[PDB]
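Peer 1: If you want the authors' numbering, it's the 1-based position in the sequence shown plus 20.
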Amino acid sequence: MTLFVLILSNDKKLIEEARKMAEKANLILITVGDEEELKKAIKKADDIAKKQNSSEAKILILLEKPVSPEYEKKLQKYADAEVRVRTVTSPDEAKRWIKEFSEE
């Protein structure tokens, strides 16, 4: 099961903590900045997963944006995987979600 993570959250220390956490968790973290660019990173995640594990993969998206259930499933149906869209505020919060994702 290949675990990916995307992020639209440009805070200096947040990005540090977020990467450091997922990096040592050996997750595929693609840091982009833009809603459209996210869809390209998400697509890339789909492509990378597809090669081997897109049968059942899980992806986390750490973004700063109010996310609704349907909104999650829109992105979830975009890349074939089970993506969990996550709005983040502070570095520690993002790290918690990474734990809830990689260590569920």
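Just so it is clear, CB atoms sit at the ideal spot from N, CA and C, and this is done for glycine as well.
Taking the alpha carbon of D54 as the point to measure from, which residue in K71, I62, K78 has its own alpha carbon closest?
Peer 2: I62
Peer 1: With DSSP as the reference, please indicate the residues paired to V25 in a beta bridge.
Peer 2: In the DSSP output, where bridge partners are listed per residue, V25 has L49, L80.
Peer 1: Start and end of the beta strand (DSSP E) containing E102?
Peer 2: 102-107
Peer 1: What does the alpha-carbon distance come out to for the pair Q72 and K64?
Peer 2: Taking the straight line joining both Cα atoms gives about 13 Å.
Peer 1: DSSP three-state label for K97, please.
Peer 2: coil
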